[PDB]
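Read through the structure below, which is laid out as structure tokens, and then see the notes.
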Ligand code: NI
Ligand code: NI
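Protein chains in written order, with the UniProt record's numbering: chain A, 3292 to 3593; chain B, 3292 to 3597.
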């Protein structure tokens, strides 16, 4: 028992982290097979990040403009033999295939999904933590200068799913990056200019999962016979900055295990959003929306 | 910017996870140099875990009673050549040194310290998370049956400090294990009996660190001219289930960087413990005491003008 924010073991990803340098800019990259992926702003001098012309910056480069170093494990300088730009990423081709390339996929996560982040600096992994893609397609992580190129991933059945490459900090504690097709989460542009973030929302399905976790951890004071139907709840959610509830098998597994219906949990959300009134749930006095149904299922007795 | 619960990258520890089998019991273990460590209850049949006689169970074993296997990552061919019982651990000697042994040391953490946990099942690393040793020498983790042998560690300056090997669940969301000298944190026994946990306390120095992190993340509404001296605060803490505040260089770094004194933060704790008055700090409505001053400095300290 217990419920904690849990990340996927990072070793398979650590074996793929490299450092990339272009002029005076250095950041992290991901080395899979003969490819190294990194943010394209490595091409932009630090004092020109306000409105770069990446097409023009790309034309001025050659393969010799990029230096790649494997810093951890068996150290090696990897020779760049080709380069191209894919959205907000550079795709470098190196002469050596990573001998520790894991089985992997590239996926783009949807708002409400969780993933692990391996924070890196100068091609050295320094920390692991878990985030959720917010309703406005940002993440609430912990990143400092030099973290660009840090990798977000999940793991299942021995396969690493690479979902994020860190690109920038939008505002305090708010970050974004790209999927490995080079598309930025939230369509933010990789430039220093002020960019508006859309309004965020509480992820209903995740709050429901968390309330089921609370019941399975002996906290059930908030469960009442009271029900709110999904259609009615969804009309309320549209006015109270909550997401629409759409049923899933993972939630149905928790409803069946606990004997508490989804409609009872939706009624609990409405009551708890008005206030907890001097009470706590799993030590919290506010709703938690960053655990997914699958994340909760992983931490409950089978 | 931002402040999140951060764990040390786990790869160096993942390379050391093995499985040990004795009879019908298979547990996770840790392979370092020519040694494999695992919980001593591997010697106990599953239906006899209530109150085992470990001295009697040990006498019935030989080196051939134990099998060590590594079916994940780089596989290995291991033979047990010696065995002994060290507190609540079995210490096996194997014929092959782990070729991926990191530079390491063994340490016992004190209450208030944080560490990373690599949760393992069936010899497979499954999850990473960070805990703090509570005032009552328990941890508040997330573990299910089969997680014994899971490893707690820290990393700094290229050295892995191995601090914990998981053993048991004391009560809901409350766990304990041993350091690698085989001593159980909190002196709990590896038997299925009712065992009383001492009362916990909020770790003051960690709450102070968190409040400095909040200031460095733009949250400062709770800072007032009000101060509470350390001696006065400590007398209050003895009555309100908070730990004594003892000054440290890591906290002084945060006081200097923010210009907010420790005494202002101790006054904020007293006020916030009475209640947050409908406001939040870093998204929370309750005090956070599981980030140490050094953990905060990793996420917030930058260049300092001298
Ligand atoms: Ni950058
Ligand atoms: Ni066990």
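Quick reminder that beta carbons are idealized off the backbone N, C-alpha and C, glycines included.
- Residue 3535 of chain B has a beta carbon lying at 9 Å or more from every beta carbon in chain A.
- Taking the C-beta atoms as reference points, residue 3544 of chain B is found no nearer than 9 Å to residue 3297 of chain B.
- A Cβ-Cβ contact shorter than 9 Å links residue 3573 of chain A with residue 3508 of chain A.
- Residues of chain A with a Cβ closer than 8 Å to the Cβ of residue 3431 of chain B are, in chain order, 3293 and 3295.
- Spatial neighbours of residue 3411 of chain B in its own chain (CB-CB distance under 8 Å, excluding positions within 5 residues in sequence) are listed in chain order as 3308, 3319, 3417, 3438, 3440, 3441 and 3442.
- Residue 3475 of chain A sits buried, since 16 or more C-beta atoms from the chains shown fall within 10 Å of its C-beta.
- Residue list for ligand 2: B:3318, B:3330, B:3332 and B:3439 (CB closer than 6 Å to any heavy atom, chain order).
- The straight-line gap separating the alpha-carbon atoms of residue 3494 of chain A and residue 3353 of chain A is approximately 45 Å.
- Residue 3456 of chain A has its Cβ no nearer than 8 Å to any heavy atom of ligand 1.
- Comparing alpha carbon positions, the residue from A:3449, A:3560 and A:3513 closest to residue 3536 of chain A is A:3560.
- If you look at residue 3468 of chain A, you'll find it in the beta strand (DSSP E) that goes 3465-3469.
- Within chain A, 3433 and 3435 have C-beta atoms less than 8 Å from the C-beta of residue 3590 of chain B, given in sequence order.
- Non-local beta-carbon contacts of residue 3407 of chain B in its own chain, meaning distances under 6 Å to residues more than five positions away in sequence, involve 3298, 3299, 3421 and 3444 in chain order.
- Membership of residue 3526 of chain A in the alpha helix (DSSP H) is indicated by the continuous run 3521-3530.
- By the Cβ criterion, the region 3496-3504 of chain A is in contact with the region 3574-3588 of chain A, since at least three pairs of Cβ atoms, one from each stretch, lie closer than 8 Å.
- Between the alpha carbons of residue 3429 of chain A and residue 3473 of chain A lies a gap of roughly 16 Å.
- For residue 3460 of chain A, the uninterrupted beta strand (DSSP E) segment begins and ends at 3450-3462.
- The region 3307-3388 of chain A is shown to contain whole alpha helix (DSSP H) runs of 4 or more residues at 3345-3350, in chain order.
- Between ligand 1 and the CB of residue 3459 of chain A, the shortest heavy atom gap is smaller than 8 Å.
- Taking one beta carbon from each stretch, the region 3375-3389 of chain B and the region 3330-3342 of chain B have 3 or more pairs nearer than 8 Å; the two touch.
- Contact check for residue 3483 of chain A against residue 3340 of chain A passes: the beta carbons are separated by less than 9 Å.
- Straight-line measurement puts the Cα of residue 3402 of chain B at about 23 Å from the Cα of residue 3575 of chain B.
- Judged by DSSP secondary structure, residue 3476 of chain A falls outside any alpha helix (DSSP H); it is assigned neither H nor E.
- Note: residue 3411 of chain B is bridge-paired with B:3416 in the DSSP secondary-structure output.
- At a Cβ-Cβ threshold of 9 Å, residue 3477 of chain A and residue 3427 of chain A count as neighbours.
- Under DSSP, the beta-bridge partners assigned to residue 3443 of chain A are A:3408 and A:3455.
- In the three-state scheme derived from DSSP, where H, G and I count as helix and E and B as strand, residue 3508 of chain A is classed as coil.
- Between residue 3310 of chain B and residue 3362 of chain B, the C-beta gap is smaller than 9 Å, which places the two residues in contact.
- In the DSSP assignment, residue 3549 of chain A falls within the unbroken alpha helix (DSSP H) covering 3540-3549.
- Distance between residue 3519 of chain B and residue 3415 of chain B, taken at the CA atoms: about 49 Å.
- In the three-state reduction of the DSSP assignment, residue 3298 of chain B falls in the strand class, which pools E and B.
- One alpha carbon belongs to residue 3301 of chain A, the other to residue 3564 of chain A, and they sit about 36 Å apart.
- Counting of Cβ neighbours within 10 angstroms places residue 3388 of chain A among the exposed residues, the total staying below 16.
- For residue 3460 of chain A, at least one C-beta of chain B is nearer than 9 Å to its own C-beta.
- The straight-line gap separating the alpha-carbon atoms of residue 3359 of chain B and residue 3303 of chain B is approximately 19 Å.
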